[PDB]
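Right, one structure below, let's go through it.
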Amino acid sequence: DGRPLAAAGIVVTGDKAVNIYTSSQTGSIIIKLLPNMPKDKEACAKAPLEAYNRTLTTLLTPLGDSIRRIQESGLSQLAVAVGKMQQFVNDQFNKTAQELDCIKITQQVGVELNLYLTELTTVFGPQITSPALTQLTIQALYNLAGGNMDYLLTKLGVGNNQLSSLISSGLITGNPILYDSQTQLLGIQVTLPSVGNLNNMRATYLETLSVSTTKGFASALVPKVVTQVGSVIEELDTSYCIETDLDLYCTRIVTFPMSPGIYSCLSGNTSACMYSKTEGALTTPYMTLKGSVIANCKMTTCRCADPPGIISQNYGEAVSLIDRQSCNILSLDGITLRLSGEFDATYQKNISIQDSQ
Amino acid sequence: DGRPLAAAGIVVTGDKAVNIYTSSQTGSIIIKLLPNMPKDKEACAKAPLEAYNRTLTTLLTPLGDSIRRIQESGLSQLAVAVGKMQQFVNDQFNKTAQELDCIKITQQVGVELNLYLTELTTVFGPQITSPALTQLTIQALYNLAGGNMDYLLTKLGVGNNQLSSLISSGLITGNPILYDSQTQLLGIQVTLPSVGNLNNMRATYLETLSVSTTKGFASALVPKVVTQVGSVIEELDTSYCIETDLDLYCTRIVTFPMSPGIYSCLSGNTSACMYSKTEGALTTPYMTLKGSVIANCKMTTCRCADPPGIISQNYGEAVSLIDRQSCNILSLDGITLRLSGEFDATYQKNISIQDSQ
Amino acid sequence: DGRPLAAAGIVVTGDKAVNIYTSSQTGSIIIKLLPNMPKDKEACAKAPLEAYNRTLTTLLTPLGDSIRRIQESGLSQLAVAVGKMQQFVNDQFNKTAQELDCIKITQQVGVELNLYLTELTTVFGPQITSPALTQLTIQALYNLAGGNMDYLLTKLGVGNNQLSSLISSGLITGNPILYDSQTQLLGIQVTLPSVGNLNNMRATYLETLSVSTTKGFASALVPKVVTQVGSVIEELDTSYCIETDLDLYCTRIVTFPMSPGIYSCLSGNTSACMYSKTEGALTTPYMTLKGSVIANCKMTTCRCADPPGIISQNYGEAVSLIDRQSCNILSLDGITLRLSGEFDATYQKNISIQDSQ
Ligand SMILES: *[C@@H]1O[C@H](CO)[C@@H](O[C@@H]2O[C@H](CO)[C@@H](O[C@@H]3O[C@H](CO)[C@@H](O)[C@H](O)[C@@H]3O)[C@H](O)[C@H]2NC(C)=O)[C@H](O)[C@H]1NC(C)=O
Ligand SMILES: *[C@@H]1O[C@H](CO)[C@@H](O[C@@H]2O[C@H](CO)[C@@H](O)[C@H](O)[C@H]2NC(C)=O)[C@H](O)[C@H]1NC(C)=O
Ligand SMILES: *[C@@H]1O[C@H](CO)[C@@H](O[C@@H]2O[C@H](CO)[C@@H](O)[C@H](O)[C@H]2NC(C)=O)[C@H](O)[C@H]1NC(C)=O
Ligand SMILES: *[C@@H]1O[C@H](CO)[C@@H](O[C@@H]2O[C@H](CO)[C@@H](O)[C@H](O)[C@H]2NC(C)=O)[C@H](O)[C@H]1NC(C)=O
Ligand SMILES: *[C@@H]1O[C@H](CO)[C@@H](O[C@@H]2O[C@H](CO)[C@@H](O)[C@H](O)[C@H]2NC(C)=O)[C@H](O)[C@H]1NC(C)=O
Ligand SMILES: *[C@@H]1O[C@H](CO)[C@@H](O)[C@H](O)[C@H]1NC(C)=O
């Protein structure tokens, strides 16, 4: 649509793609809670494994239960000394020899065992923590697509330029359907969608400030969201769509035709537009948008606190932009928005080993 | 309601129960961050404990802070050698004897400790992580109910058939209200609802495809949601209800009467139904629904690329109901949708010990 | 607004402040996954470090991947025995000596290393888990504001009495934008608002019960949400606002004027109020509210099961409140709610060390 209509008081808040989808595809992820241990060097490993396999059931038990409830619905003489004493220390040192191995080995098994639990909870946290559907971690999906993400999406329908969008959409969800307390096995059931992107159709979001022109009583009449494919341009009933920043995942596409004037305006012309005054006294002659503020500097007073100055707008402008680069600290008769700022920080740890005696 | 009206163009997207609820019940979970240690074996335990108790405060300090901020508002001669040498290795080995014990005991205490923290954060993750109200993990609800779930639900009003529903609802939440940094004590305050299920009442969500019948311009006129108790059938104002898959958790029940024609239609008859044509050119003739895709295959070609052949229909039917069995790949003109798919995967870890000497 | 209109059937569900906001401020967190280790005492720490630095990549690799995808778019003789024997046990014990140290040190480096991963995932869980925008944990904000929470809120705009609110708002979000697998460095980009609290303006939520007065058909006509600055009282279009419990974070303040009758009513007068009867047969004559229930105890028989009694209002009252203090178990012809009740429990762990020999 462009923004010549900006001068008409019509501000474009957003433009987005449109797609039809279905939660038809499906999949299952079967988690193996007890890691695959090496053959027999367990006598040592038995210690930590127990602690682990314990919290494990201390954790999952409830999740399991719920799953159920839901589903239901003398040189010669003394020389003897050297004989014994010598053989003895050998035996002792040997005990100590391997006695240092078990420790050395359990030491490692525990740590590895511990890493796995936090890894596990990090990845399937949602599922581990609730019986209902839940968003899937980026890790989970990936594993599910056996590291071959290119493959999965292609099956799903979207391209890379729709991954985050898809993710945030909250369409790819999963849930715990099985928990073998004895084998320590967890069965999650993912649910993917089959997005089918329409084409060359884009929904466009519209917002309107109280412009004067006709009079400071003016406020153009247009819909909130309109879609269009070619010359057609009808009002889109978004009620049937999940709406991400970039895409619009709709189950259906119900729409409505609009006055000929409306079309005429929204499409290049400005005059066609029909203002009016439903607005109340208290309505604010400015609005926020993408970390910026679009305001009818004529209707009020655009005072810029940082670069001192009044941000005025001559005729033809209809509405000013005011953003990070134009001004740095706006003030619109009552409030004071700060249009710029930063913060940096680092998160890190310093380990401190305590020597011993 | 049934589906004779499917012939009329009235597709029924869903049926759900209805219950009034009140966030009146309440509870408090008081966590003890430092595990109950055994009395005396400490000297060894102090090392790991310190580290843990350290990160504990590193994690909870901020959370603690916010809570405040929020609330404000020679046979004889050489024989001697054997005497000393002997007694000596005895003492030394004995040192090494118990010196191998501490290492063994802390080795254990560390792992147990470490596990408890990831357990702790998995269970009370939301709470530990934000001062506001947050969904309760299944594990926490359970603990709170002292393992006796049957008891709790009984008090909340619901039965097992509503457990998943409730959890999904988001009505059961908790928030931190206490954090003794010295004692290492965390105080969560749970808030449970008091759902009182209405009886024999059921809301039914309706949707409508552009049927022809009257002319390919047709499209029945009916509410989007209607509740009913026996012969009574009015429009439901869902604005006052958390909407779960199987249940509707409302705070009130606001409804409106409908045209006698409407009641006639929705209730068996089909003739009473009054169509119209408010739809626009771009409105798609096929909606989507739980994996399948209902569509007016009369209104557009429904080619199925998998088992080939046009899914057709004719007279009396109204709309096709392309299912997964029926077809594996729809093609409603311009947009091909997968209606079936699958994926499986396994999550498991292979520990890999290292040896010593 | 008060409650003299409570006699008119107008119940006030809530009162909230109003503020303008703009996601203009921005910040960046840069995590260091591998802790700062001590100089050359690694030989020992190398073992656990390996495991840790492994699971790290195991975890972050997908996240790192998605980020890319998105961004692309004989006294003399035997005396000799004592000579060697003695010297030997010395050397041997000494090995055992320091062989007991590495085990002591890695014992620690492990636990520390293990905690930092769960801490890390606890803190930047959302960010680690998804490439899209996600709520920031309290611990992250804190860190970002260098422990100096007061300064931050000052820059953002709200006061301490708006922290809880702000967090809940969900306006403060962050998202990964960089994962240096080699250095093991994560790069989160936070986004904070710049709420500019409007002043003395307040949005008042209104709801109405079917009062009789006129007749058990009455049902006053008033908006759902009205704002008011001084004597002005127009209807608010909350459409443009995030709605917290305490605050209303809007992007704009659209409003509409209301009949002079309306104004007259809402502002003290009761008569001016224009009732009607759009209500259906099935509409309930009582609502729920913050753990209590406002009801027309004249329309239905209000009976308190617990403290027995027939809660009943009287001419001019028009409605009743029924608190926890008032009653414990309310009964509204059909349903019974638990206006009160509690639960308490504790969560804690008991470590059980295993002895050795
Ligand atoms: C490694 O070096 C960093 C330097 O950035 C150290 O960071 C500092 O450590 C303190 C203590 O953990 C951090 O937390 C503090 O917590 C108290 C709560 O009692 C709070 O009042 C302080 O405001 C602060 O948040 C602190 O953020 C941080 N300070 C600075 C100037 O960096 C880190 O501790 C070192 N690693 C280790 C293990 O010591
Ligand atoms: C981990 O702990 C679970 C907890 O039960 C163990 O599972 C039980 O195993 C015993 C013996 O194999 C069975 O009699 C039980 O029926 C199992 N389940 C329950 C609930 O008791 C599991 O064997 C443990 N795994 C390891 C390696 O120790
Ligand atoms: C060294 O040898 C033994 C073994 O430790 C000592 O006798 C006690 O034995 C019991 C049972 O194992 C242990 O609980 C005690 O700790 C041992 N005491 C000591 C001091 O270790 C014996 O007393 C020791 N003798 C020498 C010379 O060190
Ligand atoms: C865990 O760490 C906390 C924080 O350092 C310790 O708390 C201190 O405890 C001492 C003794 O009770 C008090 O005098 C201080 O006032 C406490 N400081 C804070 C900030 O609470 C706590 O004692 C440690 N616990 C253990 C078992 O090590
Ligand atoms: C942690 O693991 C990563 C990946 O396994 C290691 O990264 C490699 O680092 C070497 C140099 O040390 C580079 O030559 C490789 O190209 C890196 N590979 C990848 C995939 O990044 C990293 O070295 C490990 N860090 C430590 C301290 O062991
Ligand atoms: C600690 O005691 C409680 C008793 O209420 C018990 O339930 C719990 O299992 C014990 N802790 C451990 C780790 O067993």
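Letters A, B, ... mark the chains of the structure tokens in the order given; residue numbers begin at 1 per chain; ligand numbers begin at 1, in order shown.
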
Skip residue 240 (chain C) itself and residues of its chain fewer than 2 positions away, then list as a list in words all residues within 7 Å of it, counting only C-alpha atoms.
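Final neighbour list, sorted by chain and number: residues 237, 238, 250, 251 and 252 of chain C.
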
Give the residue list for ligand 6 at 12 Å, counting only C-alpha atoms and all ligand atoms, as an MDAnalysis selection string, sorted by chain and then by residue number.
(chainID A and resid 51:52 54:59) or (chainID B and resid 32 34:38 109 112:113 115:116 119 143 146:147) or (chainID C and resid 345:353)

Shell of 7 Å around ligand 2 (only C-alpha atoms and all ligand atoms), written as number ranges by chain
A: 50, 53-54, 57, 181-184

Enumerate, in order of chain and increasing residue number, the residues of chain C with an atom no farther than 6 Å from chain B, each with its shortest atom pair and distance in Å to one decimal, counting only C-alpha atoms, as JSON lines.
{"residue": "C:118", "atom": "CA", "partner": "B:118", "partner_atom": "CA", "distance": 5.9}
{"residue": "C:137", "atom": "CA", "partner": "B:129", "partner_atom": "CA", "distance": 5.5}
{"residue": "C:138", "atom": "CA", "partner": "B:130", "partner_atom": "CA", "distance": 5.3}
{"residue": "C:139", "atom": "CA", "partner": "B:62", "partner_atom": "CA", "distance": 5.9}
{"residue": "C:161", "atom": "CA", "partner": "B:73", "partner_atom": "CA", "distance": 5.4}
{"residue": "C:164", "atom": "CA", "partner": "B:132", "partner_atom": "CA", "distance": 5.8}
{"residue": "C:279", "atom": "CA", "partner": "B:256", "partner_atom": "CA", "distance": 5.0}
{"residue": "C:280", "atom": "CA", "partner": "B:256", "partner_atom": "CA", "distance": 4.3}
{"residue": "C:283", "atom": "CA", "partner": "B:254", "partner_atom": "CA", "distance": 4.9}
{"residue": "C:284", "atom": "CA", "partner": "B:253", "partner_atom": "CA", "distance": 5.3}
{"residue": "C:287", "atom": "CA", "partner": "B:252", "partner_atom": "CA", "distance": 4.7}
{"residue": "C:288", "atom": "CA", "partner": "B:251", "partner_atom": "CA", "distance": 4.9}
{"residue": "C:291", "atom": "CA", "partner": "B:24", "partner_atom": "CA", "distance": 3.7}
{"residue": "C:335", "atom": "CA", "partner": "B:196", "partner_atom": "CA", "distance": 5.9}
{"residue": "C:338", "atom": "CA", "partner": "B:194", "partner_atom": "CA", "distance": 5.9}
{"residue": "C:339", "atom": "CA", "partner": "B:24", "partner_atom": "CA", "distance": 5.2}
{"residue": "C:340", "atom": "CA", "partner": "B:25", "partner_atom": "CA", "distance": 5.3}
{"residue": "C:341", "atom": "CA", "partner": "B:25", "partner_atom": "CA", "distance": 4.9}
{"residue": "C:342", "atom": "CA", "partner": "B:26", "partner_atom": "CA", "distance": 4.9}
{"residue": "C:343", "atom": "CA", "partner": "B:27", "partner_atom": "CA", "distance": 4.4}
{"residue": "C:344", "atom": "CA", "partner": "B:28", "partner_atom": "CA", "distance": 4.9}
{"residue": "C:345", "atom": "CA", "partner": "B:29", "partner_atom": "CA", "distance": 5.3}
{"residue": "C:346", "atom": "CA", "partner": "B:30", "partner_atom": "CA", "distance": 4.9}
{"residue": "C:347", "atom": "CA", "partner": "B:31", "partner_atom": "CA", "distance": 4.8}
{"residue": "C:348", "atom": "CA", "partner": "B:32", "partner_atom": "CA", "distance": 5.1}
{"residue": "C:349", "atom": "CA", "partner": "B:35", "partner_atom": "CA", "distance": 4.9}
{"residue": "C:350", "atom": "CA", "partner": "B:36", "partner_atom": "CA", "distance": 4.9}
{"residue": "C:351", "atom": "CA", "partner": "B:37", "partner_atom": "CA", "distance": 5.8}

Selection from above, C-alpha atoms, as a short mmCIF file (atom, residue, chain, number, x, y, z; two decimals), in the first residue's frame, can you write it?
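Saved the output as again-v8.cif:
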data_model
loop_
_atom_site.label_atom_id
_atom_site.label_comp_id
_atom_site.auth_asym_id
_atom_site.auth_seq_id
_atom_site.Cartn_x
_atom_site.Cartn_y
_atom_site.Cartn_z
CA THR C 118 21.88 -25.89 36.12
CA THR C 137 13.93 -14.32 33.98
CA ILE C 138 14.12 -12.03 36.96
CA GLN C 139 17.73 -13.12 37.47
CA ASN C 161 5.17 -0.43 42.68
CA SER C 164 5.66 -6.96 39.49
CA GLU C 279 -30.21 -11.14 28.59
CA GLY C 280 -31.17 -14.74 27.87
CA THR C 283 -27.81 -16.23 32.02
CA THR C 284 -26.60 -16.60 35.61
CA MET C 287 -20.63 -13.64 39.01
CA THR C 288 -17.29 -14.54 40.45
CA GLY C 291 -12.14 -15.39 45.16
CA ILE C 335 -23.78 -24.78 42.28
CA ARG C 338 -15.84 -23.08 48.43
CA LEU C 339 -15.29 -19.42 49.22
CA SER C 340 -12.51 -20.64 51.48
CA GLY C 341 -10.01 -23.36 52.22
CA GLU C 342 -6.29 -23.96 52.33
CA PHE C 343 -3.39 -26.34 51.94
CA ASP C 344 0.21 -26.39 53.12
CA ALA C 345 3.08 -28.75 52.68
CA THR C 346 6.82 -28.68 52.55
CA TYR C 347 9.33 -29.75 49.98
CA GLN C 348 12.73 -30.84 51.21
CA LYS C 349 15.41 -33.50 50.75
CA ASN C 350 17.08 -35.96 53.10
CA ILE C 351 20.60 -36.94 52.07
#

Within 7 Å of ligand 3, which residues of chain B come that close, and what is the closest atom pair and distance in Å for each? Count only C-alpha atoms and all ligand atoms and give it as a tab-separated table.
residue	atom	partner	partner_atom_place_in_ligand_line	distance
B:87	CA	ligand 3	27 (C)	6.0
B:90	CA	ligand 3	28 (O)	5.5
B:91	CA	ligand 3	28 (O)	3.7
B:94	CA	ligand 3	1 (C)	4.9
B:97	CA	ligand 3	5 (O)	6.8

Output of the above residues as a PDB file, in the first residue's frame, restricted to N, CA, C and O atoms:
ATOM      1  N   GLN B  87      55.903 -49.810  62.371  1.00  0.00           N
ATOM      2  CA  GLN B  87      54.890 -48.978  63.004  1.00  0.00           C
ATOM      3  C   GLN B  87      54.506 -47.831  62.074  1.00  0.00           C
ATOM      4  O   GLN B  87      53.337 -47.461  61.985  1.00  0.00           O
ATOM      5  N   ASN B  90      52.195 -48.471  59.162  1.00  0.00           N
ATOM      6  CA  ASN B  90      50.876 -48.700  59.757  1.00  0.00           C
ATOM      7  C   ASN B  90      50.120 -47.368  59.889  1.00  0.00           C
ATOM      8  O   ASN B  90      48.998 -47.235  59.394  1.00  0.00           O
ATOM      9  N   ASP B  91      50.742 -46.390  60.550  1.00  0.00           N
ATOM     10  CA  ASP B  91      50.143 -45.063  60.732  1.00  0.00           C
ATOM     11  C   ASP B  91      49.839 -44.414  59.379  1.00  0.00           C
ATOM     12  O   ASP B  91      48.734 -43.906  59.155  1.00  0.00           O
ATOM     13  N   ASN B  94      47.081 -45.977  57.607  1.00  0.00           N
ATOM     14  CA  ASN B  94      45.868 -45.608  58.338  1.00  0.00           C
ATOM     15  C   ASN B  94      45.410 -44.206  57.966  1.00  0.00           C
ATOM     16  O   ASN B  94      44.211 -43.945  57.867  1.00  0.00           O
ATOM     17  N   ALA B  97      44.090 -44.584  54.955  1.00  0.00           N
ATOM     18  CA  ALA B  97      42.907 -45.404  55.174  1.00  0.00           C
ATOM     19  C   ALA B  97      41.670 -44.515  55.197  1.00  0.00           C
ATOM     20  O   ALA B  97      40.818 -44.594  54.311  1.00  0.00           O
TER      21      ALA B  97
END

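CA of residue 204 (chain A) sits 21.5 Å away from CA of residue 159 (chain A).
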
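Note that the spacing between CA of residue 208 (chain A) and CA of residue 7 (chain A) amounts to 10.7 Å.
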
Step one, run DSSP on the backbone; step two, keep only residues of region 136-247 of chain C assigned to alpha helix (DSSP H); then write them as a CSV table (one decimal) with N, CA and C atoms, in the first residue's frame.
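Once written, states-v7.csv looks like this:
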chain,number,residue,atom,x,y,z
C,138,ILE,N,13.8,-13.1,36.1
C,138,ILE,CA,14.1,-12.0,37.0
C,138,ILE,C,15.6,-11.9,37.1
C,139,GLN,N,16.3,-13.1,37.3
C,139,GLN,CA,17.7,-13.1,37.5
C,139,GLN,C,18.5,-12.5,36.3
C,140,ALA,N,17.9,-12.6,35.1
C,140,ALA,CA,18.6,-12.0,33.9
C,140,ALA,C,18.5,-10.5,34.0
C,141,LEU,N,17.3,-9.9,34.3
C,141,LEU,CA,17.1,-8.5,34.3
C,141,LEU,C,18.1,-7.9,35.4
C,142,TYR,N,18.0,-8.5,36.6
C,142,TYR,CA,18.9,-8.1,37.7
C,142,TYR,C,20.3,-7.9,37.1
C,143,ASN,N,20.9,-9.1,36.7
C,143,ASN,CA,22.2,-9.1,36.1
C,143,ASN,C,22.4,-8.0,35.1
C,144,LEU,N,21.5,-7.8,34.2
C,144,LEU,CA,21.6,-6.8,33.1
C,144,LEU,C,21.7,-5.4,33.8
C,149,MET,N,19.0,-2.4,40.5
C,149,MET,CA,17.6,-2.4,40.1
C,149,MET,C,16.9,-1.1,40.1
C,150,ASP,N,17.2,-0.3,41.1
C,150,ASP,CA,16.7,1.0,41.2
C,150,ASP,C,17.0,1.9,40.0
C,151,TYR,N,18.3,2.0,39.6
C,151,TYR,CA,18.7,2.7,38.5
C,151,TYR,C,17.9,2.3,37.2
C,152,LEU,N,17.8,1.0,37.0
C,152,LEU,CA,17.1,0.5,35.8
C,152,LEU,C,15.7,1.0,35.7
C,153,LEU,N,14.9,0.7,36.7
C,153,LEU,CA,13.5,1.1,36.7
C,153,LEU,C,13.4,2.6,36.5
C,154,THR,N,14.3,3.4,37.0
C,154,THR,CA,14.3,4.8,36.7
C,154,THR,C,14.4,5.0,35.2
C,155,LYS,N,15.4,4.4,34.6
C,155,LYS,CA,15.5,4.6,33.1
C,155,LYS,C,14.3,4.1,32.4
C,156,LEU,N,13.7,3.0,32.8
C,156,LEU,CA,12.5,2.4,32.2
C,156,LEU,C,11.3,3.3,32.3
C,163,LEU,N,7.0,-3.0,39.3
C,163,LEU,CA,7.9,-4.0,38.9
C,163,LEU,C,7.2,-5.3,38.6
C,164,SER,N,6.4,-5.7,39.6
C,164,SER,CA,5.7,-7.0,39.5
C,164,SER,C,4.9,-6.9,38.2
C,165,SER,N,4.1,-5.8,38.1
C,165,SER,CA,3.3,-5.5,36.9
C,165,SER,C,4.1,-5.5,35.6
C,166,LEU,N,5.2,-4.8,35.6
C,166,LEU,CA,6.0,-4.8,34.4
C,166,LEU,C,6.4,-6.2,33.9
C,167,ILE,N,7.0,-7.0,34.9
C,167,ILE,CA,7.4,-8.4,34.6
C,167,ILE,C,6.2,-9.2,34.0
C,168,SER,N,5.1,-9.2,34.7
C,168,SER,CA,3.9,-9.9,34.3
C,168,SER,C,3.5,-9.4,32.9
C,169,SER,N,3.7,-8.1,32.6
C,169,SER,CA,3.3,-7.5,31.3
C,169,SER,C,3.9,-8.3,30.2

Distance of CA of residue 294 (chain A) from CA of residue 324 (chain A), expressed in Å to one decimal place:
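According to the coordinates, CA of residue 324 (chain A) and CA of residue 294 (chain A) are separated by 12.0 Å.
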
Residues at most 7 Å from residue 329 (chain A), counting only C-alpha atoms, excluding those fewer than 2 positions away in the same chain, as a list in words?
residues 304, 305, 306, 327, 331, 337, 338 and 339 of chain A

Which residue is closest to ligand 1? Choose from B:316, B:9, B:64, B:2 and count only C-alpha atoms and all ligand atoms.
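Smallest separation from ligand 1 among the options: B:64.
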